[PDB]
Structures are given as C-alpha cells and as structure tokens.
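Read off the chains here:
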Number of protein chains: 2
Amino acid sequence: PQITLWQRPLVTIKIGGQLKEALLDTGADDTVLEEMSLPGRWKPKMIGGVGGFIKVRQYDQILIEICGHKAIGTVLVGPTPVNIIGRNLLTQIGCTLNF
Amino acid sequence: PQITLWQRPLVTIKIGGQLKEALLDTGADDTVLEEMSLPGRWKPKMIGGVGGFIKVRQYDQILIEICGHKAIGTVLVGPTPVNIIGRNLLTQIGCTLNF
Ligand SMILES: NC(=O)c1ccc(S(=O)(=O)N(Cc2ccccc2)[C@H]2CNC[C@@H]2N(Cc2ccccc2)S(=O)(=O)c2ccc(C(N)=O)cc2)cc1
Ligand SMILES: [Cl-]
C-alpha cells in the first residue's frame, strides 16, 4: 500500500501469536514494543530521545508479520509509550519513503 | 525521490538561510529542531518522546526547504537528539510510505 502521513501510519502486526497495533517509524533504528514475552536469549540496552531514555531487552531473530508481510529481525521490549516498527524491519518488507 | 531505509534517512534542509542535516521521521508528529534562532513570537508546546513529555518552543509559518522542496509551516525548537522532519512537513511535501 501507499500510506499517507496526514495521520500516524499505524499497522496491525502479529508477533508471539498476538495481534498488536504499531507505528511505522523511519526515525527508529530498531523496533520497540511494549512489555511482552519473547523466546530466546536477550541482552539489555538503553534507548532514548526527547524526554529521556528507557531500558529495554533486545531479542534477535524474532519473527513478525507486518501488514501480511513476514519478516525476521531484532525486537526491543520495554516500557515504551507506543509500539514502534523501526528501519530494521521496515527494510525487510520493502518499505520506502517517497515524494 | 525514493529513499530506502537501510541507513538513517538523513537529508539536507535549509532554514534561516543555513543548511542543516535532518532526519525524516514518520514516528514524529511534528518537526523539532536543535536550538537555533527563529523570527517572530513562539508558543509553548508539549511533545512526548520515549522517555516522557517535554516542553519546546513552537514557531508558526516558518519557511523551510527539505531536499530542495520548499515549505512553510510549524517548527519546534528544543533539546532533540537530532534535527527531525516529522509528519506535518512530510505531509506538506507529499511524502508517503510505500511497500
Ligand atoms: N512530537 C514529535 O514531533 C516528536 C515525538 C518523539 C520524538 S523522539 O525524540 O521520541 N523520536 C525521535 C528520535 C529519537 C531517537 C533517535 C532518532 C530520532 C521518536 C520518534 N521516532 C523515533 C523515536 N522513537 C519512536 C517514538 C517514540 C515516542 C513517540 C512516537 C514514536 S523512540 O522510541 O524514541 C526510539 C529511540 C531510539 C531507537 C533506537 N535506538 O533504535 C528506537 C526508537 C521527537 C519528536
Ligand atoms: Cl505545519
């Protein structure tokens, strides 16, 4: 699809068998989701921007469906105020900026 | 043009006659620039980041160019991790997300 930016570009995603709403975010290097369980190893990291930093757990090689597009990538999990899809997964679904 | 997302979508902008590097950020509702001088009166504005909400300065009807595309709109000034071109100006220059 071609997604307008008059409104936030929100999509439904499927991860861990659960459906969620997430923001397509070209400003974010990596994907960040609210607290949830995920399988496998993880390691802690801090991410930040306006207003500060939060602690997250970095899981790699996680499978995700975005708009009916299957991808594999890193997912950061932590107290984010909004679910974010970052460049690390936007590339995999072939997403580009166009004007 | 068409901008892929394997690296940060950093572009050159022009504002107050100066060239600056800025990030095209579809997760940002607004346009937020590093501390700088702008003409006219400003208004207070709250924005929310990963870490919380903060107060910044809002200037309206400011001329700004993005990759050479001229625009006039709202520009926020505050402690941002990088110059950010957000949805208000991305919309104005006709930018969409595509996959
Ligand atoms: N209202 C506005 O205009 C506004 C909103 C919010 C901001 S922000 O400063 O917060 N900011 C920009 C930013 C932050 C850090 C580096 C480059 C650019 C967010 C917008 N899109 C990317 C950022 N994030 C997603 C997000 C957070 C909050 C609201 C909407 C979207 S995030 O969760 O900070 C994050 C950080 C870092 C990483 C990582 N390291 O991978 C991933 C995710 C600025 C302006
Ligand atoms: Cl505007």
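Cut-offs used in this document
Note on numbering: every chain is counted from 1 along its sequence as written, possibly out of step with the entry's scheme, and residues lacking coordinates are dropped from view. Throughout, the order in which chains and ligands are written sets their labels, letters from A for the former and numbers from 1 for the latter. Note that water and hydrogens are dropped before the side-chain values are worked out from all heavy atoms of the structure. Residues with missing side-chain atoms are left out of burial classes, side-chain pairs and their counts. Only protein atoms enter the 1 Å grid used here, on which a cavity is any set of points holding a 1.4 Å probe that cannot leave and a pocket is any open set flanked by protein within 12 Å on both sides along at least five of seven lines; residues with an atom within 4 Å of a point are listed as lining. Grid points are joined across faces, edges and corners, and a volume is the space filled by probe spheres set on the points. Helix and strand assignments follow DSSP, with helices taken as H or I runs no shorter than four residues and strands as E runs no shorter than two, numbered in order from the N terminus. Basically, the charged four are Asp, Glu, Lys and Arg, the nonpolar ten are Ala, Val, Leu, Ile, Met, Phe, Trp, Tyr, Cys and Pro, and anything else, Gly included, counts as polar. The set of buried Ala, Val, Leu, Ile, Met, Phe, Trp, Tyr and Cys residues whose side-chain atoms join them within 4.5 Å is what this entry labels a nonpolar core. The classification of residues rests on relative accessible area computed with a 1.4 Å probe and restricted to protein chains. Under 20% of the type maximum is buried, over 50% is exposed, and intermediate values are partly exposed. We call two residues in contact whenever any of their non-hydrogen atoms come within 4.5 Å of each other. For this overlay, the copies are fitted by least squares on their C-alpha atoms. Reported buried area values correspond to the accessible surface (1.4 Å probe) lost by two parts on association, with both partners' losses combined. A carboxyl oxygen of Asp or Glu within 4 Å of a side-chain nitrogen of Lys or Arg is what we treat as a salt bridge. Definition of a polar contact: a pair of N or O atoms within 3.5 Å, with one able to donate and the other able to accept a hydrogen when the atoms are protein atoms, and with sequence-neighbouring residues admitted only if both atoms are side-chain atoms. Here a strand pair is declared whenever DSSP counts at least two bridges between the two strands.

- What the deposited record gives as its method is X-ray crystallography, and the resolution it gives is 1.80 Å.

Regarding the layout of surface pockets
Now for step 1: Roughly 1000 Å³ of internal volume is contained in the largest pocket.
Now for step 2: Surrounding the largest pocket, 37 residues form its lining, A:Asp25, A:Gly49, B:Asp25, B:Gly49 and B:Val50 being those nearest its centre.
Now for step 3: Sorting the residues of the lining of the largest pocket by element identifies β5 (42-49) of chain A together with β5 (43-49) of chain B as the ones contributing at least two each.
Now for step 4: The residue makeup of the lining of the largest pocket, split by class, is 20 nonpolar, seven polar and ten charged.

As for the nonpolar core
Now for step 1: With 48 residues, the main nonpolar core has A:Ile13, A:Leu24, A:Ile66, A:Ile85, B:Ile13, B:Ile15 and B:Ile85 as its most contacted residues.
Now for step 2: Residues in contact with A:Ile85, not counting those within four places in the same chain, are A:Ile13, A:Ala22, A:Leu23, A:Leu24, A:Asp25, A:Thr31, A:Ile64, A:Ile66 and A:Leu90.
Now for step 3: Counting residues in each nonpolar core, the second largest holds eight residues, with A:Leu23, A:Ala28, A:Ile47 and A:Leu76 among its members.

Thoughts on the environment of A:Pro81
Now for step 1: Tracing the backbone through its elements, the reader meets A:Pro81 in the loop between β7 (69-77) and β8 (84-85).
Now for step 2: Linking A:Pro81 and A:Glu65, residues 16 residues apart in sequence, is a C-alpha distance of 21 Å.
Now for step 3: When sequence neighbours within four positions are dropped, the list of residues in contact with A:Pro81 reads B:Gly49 and B:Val50.

Regarding the relation of the copies chain A and chain B
Now for step 1: Rotating chain A by 176° and moving it 0.2 Å along the rotation axis overlays it on chain B with an RMSD of 0.9 Å. Taken together, the rotation and translation relating the two chain copies correspond to the operation of a two-fold axis.
Now for step 2: The fraction of interface residues of chain A whose copies in chain B are also interface residues reaches 95%, indicating that both copies meet through the same surface.

Looking at the interface of chain A and chain B
Frequently, the measure chosen for interface size is the accessible area that the parts lose on association.
Now for step 1: Taken together, the contact between chain A and chain B spans 38 residues of the former and 38 residues of the latter.
Now for step 2: Interface area, chain A with chain B, both sides summed: about 3600 Å², of which 62% is carbon and sulfur.
Now for step 3: On the chain A side of the contact with chain B, A:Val50, A:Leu97 and A:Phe99 bury the most area, a combined 26% of that side's loss.
Now for step 4: At the surface where chain A touches chain B, the tally comes to two salt bridges.
Now for step 5: A salt bridge links B:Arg8 to A:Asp29; its shortest N-O distance comes to 3.1 Å.
Now for step 6: Taken together, the connections running from chain A to chain B amount to 17 residue pairs in polar contact.
Now for step 7: Residue classes in the side of chain A that touches chain B are distributed as 18 nonpolar, 16 polar and four charged.
Now for step 8: Where strand β9 (residues 96-98) of chain A meets strand β9 (residues 96-98) of chain B, three bridges bridge the pair, whose relative direction is antiparallel. When the bridges of β9(B) are listed, A:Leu97 appears paired with B:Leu97.

Overview of the sheet that holds β9(A)
By definition, the strands of a sheet pair up through backbone hydrogen bonds, in either a parallel or an antiparallel sense.
Now for step 1: With antiparallel pairing, the four strands of this open sheet are ordered in space as β1(A)-β9(B)-β9(A)-β1(B). Taken across any chain shown, the strands that pair with only one partner, and hence form the sheet edges, are β1 (2-3) of chain A together with β1 (2-3) of chain B.
Now for step 2: One ladder, built from two bridges, connects β9(A) with β1(B); its direction is antiparallel. Note on β1(B): the bridge partner recorded for A:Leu97 is B:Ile3.

Section: the pattern of salt bridges
Close approach of charged atoms allows side chains with opposite charge to pair.
Now for step 1: Evaluation of the coordinates by the stated rule reveals ten salt bridges over all chains.
Now for step 2: Salt-bridge contacts for B:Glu35 lead to B:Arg57; the nearest nitrogen and oxygen are separated by 2.8 Å. One end of the pair, B:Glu35, is in the loop between β4 (32-33) and β5; the other, B:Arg57, is in strand β6 (residues 52-66), and 22 residues separate them in sequence.
Now for step 3: On the accessibility criterion, B:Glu35 (56% relative accessible area) is exposed.
Now for step 4: Members of the salt-bridge network, linked through shared partners, are A:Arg8, B:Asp29 and B:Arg87.

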